[PDB]
Every structure is written in structure tokens, then in C-alpha cells.
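Asker: For reference, the structure I am asking about is given below.
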Amino acid sequence: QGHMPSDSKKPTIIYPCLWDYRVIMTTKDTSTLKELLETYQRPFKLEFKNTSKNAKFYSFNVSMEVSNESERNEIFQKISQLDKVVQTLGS
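If you're matching positions, the sequence shown starts at 1 in the deposited numbering and goes up one per residue.
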């Protein structure tokens, strides 16, 4: 009953659009990450940003077209199913 104010309102996101995911894995052998993307049969950008000072953590950059919010979430969930990943950033 009742409703919250319009403050802290989540902004309108225009789908479809390229969404950016940050994937930190402890391997340079990125297969599963691209595999989960390729199943959508859509193109995607695979980038390497930087690696920790011990070369232990590899920061990967993924950017793909999401047609809706459900994809945006499910894909992010697949990113955590790699196991190689130590930290997923789904901002």
C-alpha cells in the first residue's frame, strides 16, 4: 500500500544497446567467457585492460548488444559461471 517518491529514480536505458561488463579472471585463456557470448550468435567486443602487479588478476573488458534487461542480467550470471573469474563488475 502506498508508493515511494520519484527520488532516486532509476534512469531510462535505451535497449537495444551495447552494455559494458568488467570480467577479472586469473587466466589469459578466455574461452568460456567468449563461448557464453557466442551462443547468442551476436557480435561482441573482447578487450584486455590491465593485469595486477603480480600478473595474478587479468582485467578483461566485454561489450555486447543487449536487446533487453533480462539478457543484461543472464549474461552477467554466465560471467560468474566461468570460475576463472574472481570478481565480476556488473554496473
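Ideal Cβ placement from N, Cα and C applies to all residues, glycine included.
Can you check DSSP and say which residues form a bridge with residue 47?
Answerer: For the purposes of this step, residue 47 is taken as residue 47 along the sequence shown, with counting starting at 1. The partner list for residue 47 (beta bridge, DSSP) reads 61.
Asker: Roughly how far, in whole angstroms, is the beta-carbon of residue 89 from the beta-carbon of residue 25, given that I think they are within contact range, below 8 Å?
Answerer: Here residue 89 refers to the residue found at position 89 of the sequence shown. Here residue 25 refers to the residue found at position 25 of the sequence shown. That pair is no contact at about 12 Å.
Asker: Give the secondary structure of residue 32 by DSSP, where H, G and I count as helix, E and B as strand, and everything else as coil.
Answerer: For the purposes of this step, residue 32 is taken as the residue at position 32 of the sequence shown. Reduced to three states, the DSSP call for residue 32 is helix.
Asker: Which same chain residues end up closer than 7 Å to residue 72 when comparing Cβ atoms and leaving out the 5 residues on each side of it in sequence?
Answerer: Within the sequence shown, numbered from 1, the residue matching residue 72 stands at position 72. Closer than 7 Å at the Cβ level, and outside the excluded window around residue 72, lie 19 and 66.
Asker: State buried or exposed for residue 21, treating a residue as buried only when at least 16 other CB atoms are found within 10 Å of its CB.
Answerer: The residue you call residue 21 lines up with position 21 of the sequence shown. Buried.
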